[PDB]
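Next up is one chain by itself, shown in structure tokens, the form deposited in one PDB entry.
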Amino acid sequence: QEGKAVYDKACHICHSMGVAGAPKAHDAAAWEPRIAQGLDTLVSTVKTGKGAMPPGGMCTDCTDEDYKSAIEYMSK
């Protein structure tokens, strides 16, 4: 594979300029628009990945309830 092609499909997700930051734990105001999407939508996004969040959120054995509880914890 071409170095730039590997970069353009995978490594750029985190190694490019202008990567979107994660909503930080206990930043209630940043979490409000996320929580408004609904917990089921947010849990699905953790499982499928988004931007610099890899699919599964680095939690190999997380249940849906584990993901929901972690989101609730971070949101306040």
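Shifts are known only where both forms have a C-alpha. Each residue number is its position in the shown sequence, starting from 1. The term rigid core refers to the most C-alpha atoms you can superpose between the two forms while keeping them within 1.5 Å.
Below: the form deposited in another entry, not depicted.
Is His12 one of the residues whose Cα moves 2 Å or more between this form and the one not shown, with the core superposed? Indeed, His12 is displaced by 2 Å or more.
Over in the other structure, so in the other entry, do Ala52 and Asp8 pull closer or drift farther apart at the C-alpha level? The difference is 3 angstroms or more. Relative to the shown form, the pair is farther apart.
Work out the direction of the Cα-Cα change for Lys50 and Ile13 in the other entry: closer or farther than in this form? It's 3 angstroms or more. Farther: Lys50 and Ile13 separate by 3 Å or more in the other entry.
Large-shift segments between this form and the one not shown, meaning 3+ residue runs whose Cα move 2 Å or more when the rigid core is superposed: Only this run moves by 2 Å or more: 1-20.
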